[PDB]
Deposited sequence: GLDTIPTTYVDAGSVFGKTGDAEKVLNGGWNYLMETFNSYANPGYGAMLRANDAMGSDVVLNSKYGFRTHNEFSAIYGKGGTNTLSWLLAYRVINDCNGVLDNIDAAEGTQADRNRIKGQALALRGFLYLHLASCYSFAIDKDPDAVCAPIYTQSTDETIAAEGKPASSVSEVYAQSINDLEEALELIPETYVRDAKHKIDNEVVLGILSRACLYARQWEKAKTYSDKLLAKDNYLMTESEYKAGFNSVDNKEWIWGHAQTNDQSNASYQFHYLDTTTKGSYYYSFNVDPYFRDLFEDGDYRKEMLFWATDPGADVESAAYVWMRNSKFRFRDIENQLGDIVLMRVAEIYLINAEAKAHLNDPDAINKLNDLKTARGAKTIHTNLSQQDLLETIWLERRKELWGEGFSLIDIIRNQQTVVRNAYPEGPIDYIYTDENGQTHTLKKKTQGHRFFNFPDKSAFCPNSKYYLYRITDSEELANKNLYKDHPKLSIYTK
């Protein structure tokens, strides 16, 4: 520590650690939680390969497996990096501009990590606002911290996230020019604020910040761009994302789960609920990206089943196993803006929804819906547009919805493919896990939806549940 550059180096290292750190090959950095989040939803069917099958079953996170462990470690180690920067940035030799901007970036990253904790470790803020969530640290690794700090409530962790991000917004000037898509600038702060405020049910704020963002950047990608594999930060609709190169390639390993179509993908495991394709109108080009296929690389004649694949995510460089990781796109901001406006009874909600629908070739809404039916229509468009990008469980939790999974028949059907085209009879595979592990029917607000404070933390932090008790739904 000593100069502004030195503080930035610590922050850059924190970012790298968040994105790149394995906990086994099953968990490639922060994206592992995004993948878990979709496996724990209504729209994704996992195959039997290594990785996320237990997540699809709802046993992995409740079971405190490696994904759950990595979540806790990444969140708190990177928060500690942000706090080390924040403890030292005011003394850093450099320009006041750089001190402000670096301080803002540290606060924004810290706020993002508290948003992760708030949105995954407790039920919705309006289900129980005082429910236990997670400890809040704002100083690097005091006396209150060494003996344990009590966990704060879900409302308090949301408030911490929003406050950090609002402080960042003031500190990072609109004129600051970032040079890479993983770096946080004014637009990135507005976007994370929009998300955080939506999840916290601060509708007026969510509207305010997403309106500001869309006034600066309202780009929606073309059909060719949408079909290009969701694997490059160069895309103009990506507000935030993590690039991959031969030197920095750990995060790319998660394309072995997400890519169900490229020959050479190792696990091709994030397959589609066949019923998800029925959510799309003919003419919507996203519907074209959903199709039956045999496992990529397998002999087509030897294969008993087809699964529903999404061409959405593909490796950029399959030989060198590279693909970039999307974290935030403009389409999400249109959807946040629409949803906040629906809660506020602002008629403009439907226009933002229809802008996204139009861009994708989907049928526009031309009837007035009740606020509740408009919200459900918005939530459906989130599932359709954001499939595979890490939101399914987050929406289930914050909206107090239930996972829904219907059985698809086995067929067989006539499968058409190319080597030159041929046809063969194949069995069709849909969802596999239709209830929770203890045979409970899927319902809102299940214990099986939440990430859990680790066993290690329960031992080490003797004050963890002092202010807010551990949820009584846990029997172990």
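**Student:** What ranges of the deposited sequence are left out of this structure?
**Tutor:** 1 to 15, 157, 436 to 438 are the stretches of the deposited chain that have no C-alpha coordinates in the structure.
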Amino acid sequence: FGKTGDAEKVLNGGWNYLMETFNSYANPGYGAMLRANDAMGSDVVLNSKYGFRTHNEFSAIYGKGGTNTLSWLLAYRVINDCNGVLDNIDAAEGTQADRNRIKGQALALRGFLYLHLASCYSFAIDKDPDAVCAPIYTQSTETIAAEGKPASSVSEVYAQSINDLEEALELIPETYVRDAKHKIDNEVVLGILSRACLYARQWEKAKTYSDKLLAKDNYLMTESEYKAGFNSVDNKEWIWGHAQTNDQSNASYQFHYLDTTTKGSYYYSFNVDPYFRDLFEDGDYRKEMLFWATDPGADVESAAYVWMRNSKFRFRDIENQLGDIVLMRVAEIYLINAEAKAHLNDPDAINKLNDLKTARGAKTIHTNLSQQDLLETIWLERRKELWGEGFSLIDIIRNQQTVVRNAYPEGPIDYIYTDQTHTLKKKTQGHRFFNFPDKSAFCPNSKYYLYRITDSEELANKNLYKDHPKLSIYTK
From here on, numbers count along this sequence of modelled residues.
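**Student:** Would you mind comparing 176 to 184 and 295 to 303 for me and telling me which has the higher average C-alpha temperature factor in the entry?
**Tutor:** Taking the mean C-alpha B-factor of 176 to 184 and of 295 to 303, the larger value falls to 295 to 303.
**Student:** May I ask you to compare 33 to 41 and 424 to 432 by their mean CA B factor in the entry and name the higher one?
**Tutor:** The stretch with the larger mean CA B-factor is 424 to 432.
**Student:** Maximum C-alpha temperature factor per the entry, among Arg201, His256, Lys363, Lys207, belongs to which one?
**Tutor:** Most elevated C-alpha B-factor of the set, per the entry: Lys363.
**Student:** In this PDB entry, which of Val272, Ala251, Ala97, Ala340 has the top CA B-factor?
**Tutor:** Each of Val272, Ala251, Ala97, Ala340 was compared by C-alpha B-factor; the highest is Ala97.
**Student:** Looking at the C-alpha B-factor of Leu46, is it in the lowest, middle or highest third of its chain?
**Tutor:** Within its chain, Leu46 is a lowest-third residue by C-alpha B-factor, going by the deposited values.
**Student:** For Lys466, return the chain-relative third of its C-alpha B-factor as stated in the PDB record: lowest, middle or highest.
**Tutor:** Its C-alpha B-factor belongs to the middle third of this chain's values.
**Student:** Going by the CA temperature factor in the PDB record, which third of the chain does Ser440 belong to: lowest, middle or highest?
**Tutor:** Its C-alpha B-factor belongs to the highest third of this chain's values.
**Student:** Using the B-factor values recorded in the entry, state whether the Cα atom of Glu237 falls in the lowest, middle or highest third among the modelled residues of its chain.
**Tutor:** Middle third by C-alpha B-factor.
**Student:** Would you check the entry's CA temperature factor for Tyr266 and let me know if it's in the chain's lowest, middle or highest third?
**Tutor:** Middle third by C-alpha B-factor.
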